[PDB]
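Quick heads-up: it's one chain on its own, the form deposited in one PDB entry, in structure tokens.
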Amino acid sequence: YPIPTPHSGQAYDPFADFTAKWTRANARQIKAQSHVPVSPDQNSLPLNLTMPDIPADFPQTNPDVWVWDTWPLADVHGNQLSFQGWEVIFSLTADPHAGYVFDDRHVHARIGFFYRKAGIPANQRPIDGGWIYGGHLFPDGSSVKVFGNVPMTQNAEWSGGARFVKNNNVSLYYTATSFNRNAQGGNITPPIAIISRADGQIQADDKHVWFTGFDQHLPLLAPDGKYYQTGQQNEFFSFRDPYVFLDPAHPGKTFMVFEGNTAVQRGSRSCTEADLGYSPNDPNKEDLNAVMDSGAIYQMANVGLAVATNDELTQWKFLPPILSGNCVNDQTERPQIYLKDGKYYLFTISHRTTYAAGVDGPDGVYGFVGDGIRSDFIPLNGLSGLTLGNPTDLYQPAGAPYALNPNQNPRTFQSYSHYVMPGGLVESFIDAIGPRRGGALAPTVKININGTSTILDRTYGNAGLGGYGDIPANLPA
């Protein structure tokens, strides 16, 4: 084994300049823990960290909608709330009958909502989960007003979270994005990404759930280029996915974690020995210059933190990043702070194909534990960071969901956008299963979170697979 970087989990002041590193020594534990698959099996991952195989005959969530990143109606404590006996979810959506292909859908994303009666066991609902599509959440043209008169070919509504909270009772924190692209998908000018808020009112009767409002979109945060990378630093920067929450350790504050990138000009040789994570006397340490020469400098993920500066939560400021993956992976997406047993779990999603040269791991969800929202985070599962991966052979090429390598597991891209719900239930969407593309919710699964390690419960639902899109409420609003 490579020696993993130790971590204390110790808490820091949220305002202090300390960033935990998910080091190359930590991420290399994933391949170290993996085995060459015994043919015809094509999974190298430890069984406890492997998502079960999703059936190829999965249902669509809705035949008229491509659905992907999904979040529940929630509060700032992570509870998932029912409203007047209805369960409610929000999703990124696109139109399968609009002339663009599934892989080009992201610049067309609209936030939609779905609802279903609360309190029905998953195995007694329709196989598709019984979600009723309510349509677009936001009025046409309301989100794009945050950009003003800038050159633009597309605008999208990307992920965040919904908080049940002025007849308005729902705050939608999301990512407004503007693109200025040639017909070949190349950037004419860098994309613009603004973490934004829109308030509205959920209403319901015996027949349906509907929303009013969301007419006024407030820009909250755009990257600074000091802590969070800008489009001028890197046209391929990531800045998105606000998760707004209350930390019981800091009463009176409201915090947000989100996805960013380290704020350097693209191609800067800025990785350090601390990003590699080896002892100076470790005879098997990697060489910093060799790692940067291999191209690892193009992988610069971070998880950002921001705090509200007014009572209405309409003004925010950045704090230093809480986690960085420099020279490890470019993507730490949809971060969430999950509170359990007085500990702070940071869960974030990533891709196999956005790992740096010399490091490898599956598509899925990554996890870290500490004693505060700013911690020397302990990567879960043998100091690796992997929580749950799609079945994957890390000893053969990754391929792509639009071009599966037949030397690779045809379910390596079966699910993405894993979101950890109360009780360790995990919801996600289906990307590719063999030749079939999803845009539908995946079976909900269950992880048992036990201090610094996790286990996929293979007796949950049918052999580890629960209901398609089972995203249940634990408390009534």
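Just count from 1 along the sequence shown to find any residue number. Only residues modelled in both forms are compared. Rigid core: the largest C-alpha set superposing within 1.5 Å between the two forms.
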Gap size between residue 166 and residue 165, counted in deposited residues that the entry leaves unmodelled: 4 to 9
247 to 255 or 191 to 199, whichever carries the higher mean Cα B-factor: 247 to 255
218 to 226 versus 329 to 337 - which carries the larger mean C-alpha B factor in the record: 218 to 226
Member of 73, 146, 156, 303 with the greatest C-alpha B factor (per the PDB record): 146
Member of 463, 25, 20, 11 with the greatest C-alpha B factor (per the PDB record): 463
Cα B factor band for residue 69 (lowest, middle or highest third within the chain): lowest
Third of the chain, ranked by Cα B-factor, where residue 289 sits: highest
Cα B factor band for residue 273 (lowest, middle or highest third within the chain): middle
Chain-relative CA temperature factor third for residue 354: lowest
Position of residue 282 among the chain's modelled residues by C-alpha B-factor, lowest, middle or highest third: highest
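Same protein, other form: the form deposited in another entry, not shown, and the subject of what follows.
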C-alpha displacement of 2 Å or more between this form and the one not shown on the rigid core, among 123, 265, 309, 212: 123
Large Cα shift (2 Å or above) at residue 149 between this form and the one not shown, core-fitted: no
Residue 224: Cα shift of 2 Å or greater between this form and the one not shown (core-aligned): no
Exceeds or equals 2 Å, Cα of residue 247 between this form and the one not shown, core fit: no
Segments displaced between this form and the one not shown (3 or more residues, each Cα shift of 2 Å or more, core-superposed): 121 to 124, 280 to 284
